[PDB]
Structures are given as C-alpha cells and as structure tokens.
Amino acid sequence: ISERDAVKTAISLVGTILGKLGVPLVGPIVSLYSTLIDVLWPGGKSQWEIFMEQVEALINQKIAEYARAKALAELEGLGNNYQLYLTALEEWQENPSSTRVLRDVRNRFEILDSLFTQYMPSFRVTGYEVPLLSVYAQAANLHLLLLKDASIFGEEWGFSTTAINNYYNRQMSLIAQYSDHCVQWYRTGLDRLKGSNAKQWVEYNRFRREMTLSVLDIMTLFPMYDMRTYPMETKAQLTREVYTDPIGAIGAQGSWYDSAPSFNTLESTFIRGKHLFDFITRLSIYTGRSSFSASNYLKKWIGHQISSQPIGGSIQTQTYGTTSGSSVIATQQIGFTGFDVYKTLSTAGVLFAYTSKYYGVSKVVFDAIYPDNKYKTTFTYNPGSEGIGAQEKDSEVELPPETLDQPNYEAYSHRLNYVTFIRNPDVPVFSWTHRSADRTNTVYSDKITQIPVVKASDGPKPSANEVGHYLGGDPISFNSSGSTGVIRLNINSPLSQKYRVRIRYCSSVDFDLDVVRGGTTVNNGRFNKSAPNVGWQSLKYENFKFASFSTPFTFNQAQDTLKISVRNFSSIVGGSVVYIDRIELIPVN
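The rules we used
Residues numbered from 1 in each chain as written, not as in the entry; some residues may be left out. Heavy atoms only, no water. Helix = DSSP H or I, 4+ residues; strand = E, 2+ residues; numbered from the N terminus. Rg over C-alpha atoms; globule rule 2.2 N^0.38 Å. Buried < 20%, exposed > 50% of the residue type's maximum accessible area, 1.4 Å probe, protein only. Contact = heavy atoms within 4.5 Å. Areas by Shrake-Rupley, 256 points an atom, 1.4 Å probe, with all protein chains shown as cover. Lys, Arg positive; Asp, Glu negative; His and termini not counted. Charge placed at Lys NZ, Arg CZ, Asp CG, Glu CD. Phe/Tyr/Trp six-rings, centres within 6.5 Å; stacked < 30°, edge-to-face > 60°. Polar contact = N/O pair within 3.5 Å; in protein donor to acceptor, adjacent residues only side chain to side chain. Domains from an automatic or database assignment. Buried area = accessible area lost by both parts, 1.4 Å probe. Salt bridge = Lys/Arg side-chain N within 4 Å of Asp/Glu carboxyl O. Pairing = 2+ DSSP bridges. Axes fitted to C-alpha atoms, helices over the stretch in contact; angles between N-to-C directions. 1 Å grid on protein atoms, 1.4 Å probe; cavity = no way out; pocket = protein on both sides within 12 Å on 5 of 7 lines; lining within 4 Å. Points joined across faces, edges and corners; volume = space filled by probe spheres on them. Nonpolar A, V, L, I, M, F, W, Y, C, P; charged D, E, K, R; others polar. Disulfide = S-S within 2.5 Å.

- Looking at the PDB entry, one finds the protein chain named Insecticidal Delta-Endotoxin Cry8Ea1 and attributed to Bacillus Thuringiensis.
- The title given to this PDB entry is "Crystal Structure of Insecticidal Delta-Endotoxin Cry8Ea1 from Bacillus Thuringiensis at 2.2 Angstroms Resolution".

Written as structure tokens, this is what we have:
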C-alpha cells in the first residue's frame, strides 16, 4: 500500500535532514543530496506517484489525469536534472579552481531553481491542493535546500552580492509561502474529514497522523535552512504527539466501530487534553474474561492505569476503563521508566457468540530499549485467549524506522508516549513522540540547541489552539503576565562556555521578557508585537519572530534550569496574547 511506503519515505527524509541541520560543509551536503536523490528517484518507478496515491487514499478523491500526468513528467525531469547537479557538485568538490567546473555547477543550480519556479504551481492545482499536498511539501523542501546552497557556495561559484542577496531574499519569502500553503491545506484537508461516526473518526485521525508525518514534520524544519539565522549545526526537536489507529478489529465479519460512540466523543476521549511534553513511567493493565461456549474465550484489556512524567517533573497517574470489581480477573504492572518503546505488536481480538460480538485486545508485545545504556527488553501482555478472531496491529506500519539499513532498535522514529481507551467496544489508542525530542534537555557546547518550552518540568499547559502546526509541537500561551515552567537541563561540558539566548514567539502585544537561569535573571528586555489581534487560526509564518539577546551568560552547574517570564503587556484588550515557542541557545566564543 502506497500510504505505508509514502510515510516510510517521509519519515526517512526527515530523519536524514535532521542529522544534517545547519551543517555548512560541502562533504555532508554532497552526501545528503546523494541520499535524497536515492530516496526520491530510485528509478524504474515514480516515487512521487506514491505521494499522490497516499493522499488520494486518505481523502478518497482522485487527481485528474491531466494534472497527474504533468506533475509526474515534471518531477521525473527534475530528477534527471538533480543527477546532473549532484555530478557537477562532485566534480566541483575535487577540482574547485577549474573555471569549466564552476560554470557547470552554477549552471546546473540555476537550471534547478528555474524548474522549481516553473513547476511548483503544478503541485497545487486548483481543486487538488490537498491530494497533491505531500508532493508539494517534498518538492518545496527540495527547493529551499537548493536556495541554501546559493548561500553557502554562491560566492565561491562567482555569484555577485546582488544575486546572492536575491536568492536569500527569495528563500525567506519562500519559507513563508511554502509553510503557509502546507499548514493551510493540512487544516482544510483534515476539516473536510470531520464526521459524526467512529469510522469517520478513524479516517480523520489517519489523515492527521499521516500528514503530520508527511507534510508538517518536514515543513517544521524549513526555517533552519536559513544559513544566516542558523550558521552552524542545529539540534531541532519535534514535540507533537501522533496517535496510531485504534486497536480494534476491522473487517467484513464486523468492525469495532460498527457500534461505538460518536466522532466528537472519540475526539474528546482518545486524544489527550493539552499537556507538557511527557514520558510514560508505568502502565497497569486490567483484564476481563468474556466467554462463549466451552472452549472459546477472550481475555482482554478492559482498563488501565497509566503514569507519565514531564522532564524532571512530578508523576501524574490517570485511570481508564474498568480497573476494579468482579470483572477484573487479572492485573499486570509494567515499569516503563527511561524506556523507549519503539514497537508494539497488538492483537485486536473478536469473540463470536451466538447473537453478539465482543471486541478487545488479547495481546500486546512492547519492544523497548533504554537509550542511556542501550539495554533492550520485551514486555508482553498476554493473559491467554482461545478460538477468537484476531488482527495483528504492527506499529511500524504507521510509525516505521528511519531506515532498514540498521536494526529498528537503532533507527526507530517514535517511542510510545501514552494510552487512552474507550469501553464497549474495549478499544485502546496508542500515542507516540518523535525520536528527535530528547529525554534530558541536553545543551550542546558546539551546536545551536532548540528547546521547545513545552518541555518544562511544570507550570502552564498549552492552550487549546493548533498554533503548533507551524512549530512541530505546542507553544505556551499568555493572556496576561506569567512564566513558563522551570525547564530542567543537562549541560554538556565545558561549564565555562558562554551562551546567549533567543526566543521564538508570536504576540499581538509588546511585552517585557526575561530569562531566569538557575533562579536568577540573566537577560531582560522589551519586545514588540508581531501579529494583529486575530484568532490563532489566522496566524501565519511571518507572525513568528525572535526575542534575541546579545548579552551572554554561563550555567552554574551540569544540571541547571531555565525559565522565561513575560510581563507588562502593552494592552489588556480581549485578544492580548503572547505565544512562546522555543528557546535557542547559541554558544558565544
């Protein structure tokens, strides 16, 4: 199926780029293009047709033949031109002073840029912007990486300062435009899928997960292709949670959603309230026995107790389903502290009785690793069933590893974050966090560190808005003066290293901001509003700005804290709001 393939491609691509973010050296860049070209143009078959098939399947619309045929021809020709640009980069890298060679690489680059300019409108044909969105996101991505080579290599190839500035100004304009198109059509696509029943909810949530992976996640990285803003290696984190399909049996003999709560009931029950970025620490699963006749029985997950924890914060525990009484015949406790569960294999069971069906999960295998010491283990829930219908749900179909060139315990893209649940039918949903989002809030001496403020140990939760479609996760919002939580940090050596800080934000008001390090203020200033007073849905890429300080500071110790405070709003009128996205720590030498 094209969906699995497309998601596999998109996850792999974001993993590769995340590993090269902000690198200015030609060797890494040649190596990157080599990988990108292999993935996007494997030969004998259009990898771009797979992107189209994906979104057509998710939304149940067909791209017109004319529009499909043209985009496919243009994308195949762009691929041929990309091979020539790669070969021209390889021949430049080893004969840099040759004039024939510099003319060649410059010429190939200008041919690509020119083709991108001509072809981008083919990936957003009117009436087809959604089914063509994953194509559009991947092509946009390529175009912005190309413009970044102009920034790193342009002078070397003999571009004038005027040409180089034009390329840079276009890249800024295009980051904005491509980001906006993605977020917008992602929202429209998902909204067109809003329904009233549980089957529709499965569809809506599948588009949400797949397009976050295929569209939103790569778009989130677009700003870091700006080499003036990110002139060195950068550590980005995607903090959003994605949810896999509900773990219930589906088919012609009976689906769990044949008799289940409404769309709205599922959205408000399967999906967690807004919360600070967290990690699972413990799960208890409560088991019931349903039986039919003498030898057929289903022992299934009828409720659970789950504990999680923000980085360096308190542990919270919630309960779901049935967790006491005569129905509970067994319990199992699973300690998950420090464990990345990289794969779940679940058995969604059905017990067929004379006049009814009983749905429920009979078995879950959790494959886990400790990212500290790389110690691996399996956790198995299997109380034991017999004579049942079953479906195997393998999380790596929806959340694949970033490569198959290594074991999945090295290349996994996501970890299990949480479990929600409904009863009758007894159906759990698994949520997951991205590998890029670390456990420790590590600060690097030699990189720009990005730290989303949602990774605080405590304090205010995100508000109910989707501004994080632009950010790769939830911002923290203020309608009046307040602080982020204490963000707990692990500082890499040397502790004598100076850092300055800039904060990514959006506000309808001017405000006072300071940075509190280890309990004491190290930076304070006033910052200006970046957006009009509008609902969050109207915010665009250009409404995000930096609060940047030049005055550096050092951390006190290896385990230090950071905290952002906002104050003295220029207006308290209804709509007055500061969103805080992330802090970036920049080593000062």
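Thoughts on the overall build of the protein chain
Moving on, step 1. Along the backbone of the protein chain there are 11 helices and 23 strands.
Moving on, step 2. A compact globule built from 589 residues should have a C-alpha radius of gyration of about 25 Å, and the protein chain, at 25 Å, falls within 12% of that.
Moving on, step 3. A principal-axis box enclosing the C-alpha atoms of the protein chain has dimensions of 85 × 60 × 50 Å.
Moving on, step 4. Expressed as a percentage of its 589 residues, the buried residues of the protein chain come to 57%.
Moving on, step 5. Put simply, of all contacts in the protein chain between residues at least 6 apart along the chain, 76% involve residues at least 24 apart.
Moving on, step 6. For the protein chain, the accessible area works out to roughly 23,000 Å², and carbon and sulfur atoms hold 46% of it.
Moving on, step 7. Counting 56 positive and 55 negative side-chain charges, the protein chain places the centres of these two groups 5 Å from one another.

Describing the packing of aromatic side chains
Moving on, step 1. Tallied over the full model, the rule gives 38 aromatic pairs.
Moving on, step 2. With centroids separated by 6.0 Å and ring planes inclined at 45°, the aromatic side chains of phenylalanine 222 and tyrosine 225 adopt a geometry described as tilted. Each of the two residues, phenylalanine 222 as well as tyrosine 225, counts as buried.
Moving on, step 3. Relative to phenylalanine 544, the ring of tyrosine 470 has its centre 5.9 Å away and its plane inclined at 45°; by these criteria the two rings are tilted.

Section: helix α3 (residues 47-59)
Moving on, step 1. α3 sits mainly inside the fold: 11 of its 13 residues count as buried.
Moving on, step 2. Contacts made by the buried residues of α3 are with α1 (2-20), α2 (26-40), α4 (65-93), α6 (133-153) and α8 (198-220).
Moving on, step 3. With a side-chain oxygen positioned 3.1 Å from the backbone nitrogen of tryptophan 48, the residue opening α3 is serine 46.
Moving on, step 4. After α3 finishes, the residue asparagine 60 shows a positive phi value of roughly 65°.

Side note on the domain arrangement of the protein chain
Moving on, step 1. Segmenting the protein chain into domains produces domain 1 (1-228), domain 2 (229-239 + 437-589) and domain 3 (240-436).
Moving on, step 2. With both chains or domains summed, domain 2 and domain 3 bury close to 1,800 Å², and 55% of this area falls on carbon and sulfur atoms.
Moving on, step 3. The three residues of domain 2 that bury the most area against domain 3 are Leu238, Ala437 and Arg439, which together make up 39% of that side's buried surface.
Moving on, step 4. In this structure, the connection of domain 2 to domain 3 is made through two salt bridges.
Moving on, step 5. A salt bridge links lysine 274 to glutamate 466, with the nearest nitrogen and oxygen atoms 3.6 Å apart.
Moving on, step 6. At the junction of domain 2 with domain 3, the criterion picks out 10 residue pairs in polar contact.

Let's talk about the sheet that holds strand β6 (residues 330-335)
Moving on, step 1. Spatially, β5-β4-β3-β6 is the arrangement adopted by the four strands of the open sheet, whose pairing is antiparallel. Either end of the sheet is taken by a strand with one partner, and the two such strands are β5 (316-321) and β6. Between one strand and the next, the sheet's axes are offset by a mean angle of 20°, whatever the strand orientation.
Moving on, step 2. Bridge count between strand β3 (residues 278-292) and strand β4 (residues 296-310): 14 bridges; the pairing is antiparallel. Bridge pairing links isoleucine 280 to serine 308 in β4.

Brief notes about the pattern of salt bridges
Between side chains of opposite charge, pairing is possible as soon as their charged atoms come close.
Moving on, step 1. Using the criterion set out here, one finds 25 salt bridges in the structure.
Moving on, step 2. Measuring nitrogen to oxygen at the nearest pair gives 2.6 Å for the salt bridge that ties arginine 272 to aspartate 278.
Moving on, step 3. Owing to a relative accessible area of 12%, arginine 272 belongs among the buried residues under this scheme.
Moving on, step 4. By relative accessible area, which is 4% here, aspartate 278 ends up buried.

Comments concerning the layout of surface pockets
Moving on, step 1. Within this model, the second largest pocket holds a volume of roughly 910 Å³.
Moving on, step 2. In terms of lining, the second largest pocket is formed by 37 residues, of which the most central are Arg208, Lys274, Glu466, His469 and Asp474.
Moving on, step 3. Elements with a minimum of two residues in the lining of the second largest pocket: α7 (161-191), α8, β2 (241-243) and α9 (263-270).
Moving on, step 4. Broken down by element, the lining of the second largest pocket gets its largest block of residues, eight residues, from α8.
Moving on, step 5. Classifying every residue of the lining of the second largest pocket by side-chain character gives 11 nonpolar, 13 polar and 13 charged.

Points about the sheet that holds strand β11 (residues 414-422)
Moving on, step 1. Sheet architecture is open: three strands sit in the order β2-β12-β11, paired in antiparallel fashion. If you trace the sheet from one side to the other, it starts and ends with β2 and β11, each paired once. Strand-to-strand, the axes of this sheet are offset by a mean angle of 30°, without reference to chain direction.
Moving on, step 2. As judged from the three bridges shared by β2 and strand β12 (residues 427-434), these two strands associate in the antiparallel manner. The partner of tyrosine 243 across the bridge, within β12, is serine 431.
Moving on, step 3. Against the sheet, α8 touches β2, β11 and β12, its axis set at about 140° to β2.

Things to note about the pairing of strand β9 (residues 376-381)
Moving on, step 1. As judged from the six bridges shared by strand β8 (residues 357-369) and β9, these two strands associate in the antiparallel manner. Bridge pairing links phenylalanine 366 to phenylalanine 379 in β9.
Moving on, step 2. With antiparallel pairing between neighbouring strands as the criterion, β8 and β9 make up a hairpin whose turn holds six residues, including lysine 374 at a positive phi of roughly 60°.

Observations concerning the state of the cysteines
Moving on, step 1. Enumeration over the complete set of coordinates arrives at zero disulfides.
Moving on, step 2. Here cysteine 182 stays free of any disulfide, with the sulfur of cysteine 506 as its closest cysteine sulfur at 19 Å.
Moving on, step 3. With relative accessibility at 0%, the residue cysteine 182 sits in the buried group.
Moving on, step 4. Residue classification places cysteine 506 among the buried residues on the basis of a relative accessible area of 1%.

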